[PDB]
Every structure is written in structure tokens, then in C-alpha cells.
*Asks:* 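Structure below; questions to follow.
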Amino acid sequence: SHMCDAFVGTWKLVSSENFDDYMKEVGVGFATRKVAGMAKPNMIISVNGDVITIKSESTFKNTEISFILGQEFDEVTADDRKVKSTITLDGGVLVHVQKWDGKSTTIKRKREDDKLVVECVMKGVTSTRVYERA
Ligand SMILES: CCSC1=NC(=O)CC(=O)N1C1CCCCC1
Ligand SMILES: CCSC1=NC(=O)CC(=O)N1C1CCCCC1
């Protein structure tokens, strides 16, 4: 058993704010922003030993990352950036940093009440996305 337990399960998007703006900041093109912004993903978090898996399933894309906390990995994002990612647990929050082309973005995932809150930041543009158990 582990503190990451609080994240495990199947989650459904219930609200999004400022995500088109965040995606613009990151450099996502118009057509991708439109189609990804329409997506209503289900997000499946699981843990097997030290390996955490986060899967997103939507009509836009079905993606998945697996990782060990603190240990860099290379990720291809749904908008086709090739980034170096590191995810750590800080004070109960999963902190995901992606670095590419001298740029960086941080994605925080946290449990608040019965929700899983996703906060995405690029420069000083923040987007908040709220998920509930499916
Ligand atoms: C735009 C949909 S993708 C997505 N959306 C979210 O709001 C949270 C989340 O973590 N993901 C992905 C990221 C890549 C790994 C699998 C999950
Ligand atoms: C909520 C995290 S956003 C995110 N995280 C990733 O780890 C991969 C990825 O592809 N994305 C975005 C990128 C913009 C297009 C929509 C998905």
C-alpha cells in the first residue's frame, strides 16, 4: 500500500478552464487545439510495484505513460512534441515536468475532496481541469 493509492482508479472529466490558452502557450496548432479541447477523456491511473501508469482514452487520442517516480523518461505528447519528463511526488501532489527545445511546462495532479484536479502551467498561463470518479 502507498500514498499514490489516492490517485488510482478510473476518472472522468467534469470541467476545464483556460485549456485552449494553455495549449496555445505550449505551441499546439489550431486543429489539434480544437479537437483536443472537445475531448472528454477517461483517465485510468494504476500502480504495479514502483511503476505508475496513466492512460487517457478519448475520441481525440488514446495515450499512456508508465514511469517510476523521480526517474526521467522520454515522452511523445499528443501534439507530437518529443519531451523529457520527470514525475515526482511532492507533499502529496504528483508533479510532472516536461522539457523540450529549451522550454518547460508543469502539470500537477492533486486529490481535493472527491476530485482529481489537474493544473497545467506554461509560462504564466494556467489551466485547471477537474476529474471525478467514473
Ligand atoms: C488532453 C487529453 S490527455 C490528458 N488530459 C488530462 O486532462 C490529463 C492527463 O494526464 N492526460 C494524459 C497526458 C498523457 C498521459 C495520459 C494522460
Ligand atoms: C493535461 C496534461 S496536457 C498533456 N500532457 C501530456 O503528458 C501529453 C500531452 O499530450 N498533453 C496535452 C498536450 C497538448 C495536446 C493535448 C494533450
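Numbers here are sequence positions counted from 1. Ligands are counted one by one from 1 in listed order, and the atoms in each one are counted from 1 as well. Keep in mind that the numbers below use all heavy atoms, side chains included, and drop hydrogens, waters and symmetry copies.
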*Asks:* Using the rule side chain to side chain donor-acceptor pair (under 3.5 Å), only one of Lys110, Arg109, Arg129, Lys108 pairs with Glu119; which is it?
*Replies:* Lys110
*Asks:* Establish, from distance only, whether the side-chain atoms of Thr77 and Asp79 form a donor-acceptor pair under 3.5 Å.
*Replies:* yes
*Asks:* Could any protein non-hydrogen atom be found less than 4.0 Å from atom 14 (C) of ligand 2?
*Replies:* yes
*Asks:* Does any N/O atom on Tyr131 come nearer than 3.5 Å to any N/O atom on ligand 1?
*Replies:*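 Between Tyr131 and ligand 1, an N or O pair is found under 3.5 Å apart.
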*Asks:* If we ignore angles and hydrogens, is there a donor and acceptor under 3.5 Å between the side chains of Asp5 and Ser1?
*Replies:*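 On atom types as modelled, these side chains qualify, holding a pair under 3.5 Å.
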*Asks:* Using a 3.5 Å cut-off on N or O atoms only, is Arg129 in polar contact with ligand 2?
*Replies:*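 No.
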*Asks:* With heavy-atom distances below 4.0 Å as the criterion, list the atoms of ligand 2 near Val28.
*Replies:*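 The atoms of ligand 2 under 4.0 Å from a heavy atom of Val28 are 14 (C).
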*Asks:* Just jot down the ligand 2 atoms closer than 4.0 angstrom to any heavy atom of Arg81, in number order.
*Replies:* 13 (C)
*Asks:* Enumerate the atoms of ligand 1 whose separation from the nearest heavy atom of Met43 is less than 4.0 angstrom.
*Replies:* 8 (C), 9 (C), 10 (O)
*Asks:* Please list, in number order, the atoms of ligand 2 under 4.0 Å from a heavy atom of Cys120.
*Replies:*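 Per the distance check, 1 (C).
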*Asks:* Only one of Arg133, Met43, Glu132 clears side-chain contact (heavy atoms from CB on, under 4.5 Å) with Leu116; which?
*Replies:*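 In the set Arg133, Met43, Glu132, the residue that makes a side-chain contact (heavy atoms from CB on, under 4.5 Å) with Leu116 is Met43.
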*Asks:* Please say whether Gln98 places an N or O atom under 3.5 Å from an N or O atom belonging to ligand 2.
*Replies:* yes
*Asks:* Checking side-chain polar atoms at under 3.5 Å, does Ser66 have a donor or acceptor matched by the opposite partner on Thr53?
*Replies:* yes
*Asks:* When only distance counts, is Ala78 in polar contact with ligand 2, meaning an N/O pair under 3.5 Å?
*Replies:* yes
*Asks:* Can you see whether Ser85 engages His96 through a side-chain donor-acceptor pair at a distance of less than 3.5 angstrom?
*Replies:* yes
*Asks:* Run the contact test for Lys61 against ligand 2 with a 4.0 Å cut-off on heavy atoms, strictly below, and give the result.
*Replies:*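 Per 4.0 Å heavy-atom rule, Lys61 does not contact ligand 2.
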*Asks:* Quick one: pull up OG in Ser15 and NZ in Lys115 and give me the separation to the nearest 0.5 Å.
*Replies:* 7.0 Å
*Asks:* Out of curiosity, is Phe60 lining ligand 1, as in a heavy atom under 4.0 Å away?
*Replies:* no
*Asks:* Considering the heavy atoms of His96, write down every atom of ligand 2 situated less than 4.0 Å from one of them.
*Replies:* 7 (O)
*Asks:* With a 4.5 Å cut-off on side-chain heavy atoms, are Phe73 and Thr86 touching?
*Replies:* no
*Asks:* What residue and heavy atom of the protein are closest to atom 16 (C) of ligand 1, and at what distance?
*Replies:*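 Nearest neighbour among protein heavy atoms for atom 16 (C) of ligand 1, to 0.1 Å: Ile54 O, 3.5 Å.
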*Asks:* How many angstroms lie between atom CD of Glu72 and atom NZ of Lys99, to the nearest 0.5 angstrom?
*Replies:*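 Reported to 0.5 Å precision, the distance equals 10.0 Å.
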*Asks:* Quiz question for you: does at least one protein heavy atom lie closer than 4.0 Å to atom 7 (O) of ligand 2?
*Replies:* yes
*Asks:* Honestly curious: do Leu13 and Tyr22 fall in one hydrophobic cluster under the side-chain, below-4.5 Å linking rule?
*Replies:* yes
*Asks:* How far is atom 12 (C) of ligand 1 from its nearest protein heavy atom, and which residue and atom name does that atom have?
*Replies:*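 Closest protein heavy atom to atom 12 (C) of ligand 1: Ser56 CB, 3.8 Å.
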*Asks:* Would you mind listing which atoms of ligand 2 come within a distance below 4.0 Å of any non-hydrogen atom of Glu75?
*Replies:* 6 (C), 7 (O), 8 (C)
*Asks:* Under 4.0 angstrom from atom 4 (C) of ligand 2, is there any protein heavy atom?
*Replies:*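 No; the ligand atom in question lacks any protein heavy-atom contact below 4.0 Å.
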*Asks:* Looking at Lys82 and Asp74, is there a salt bridge between them, counting it only when a charged N and a carboxylate O are closer than 4.0 Å?
*Replies:* no
*Asks:* Take every heavy atom of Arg109, measure it against each atom of ligand 1, and state whether any distance is under 4.0 Å.
*Replies:* yes
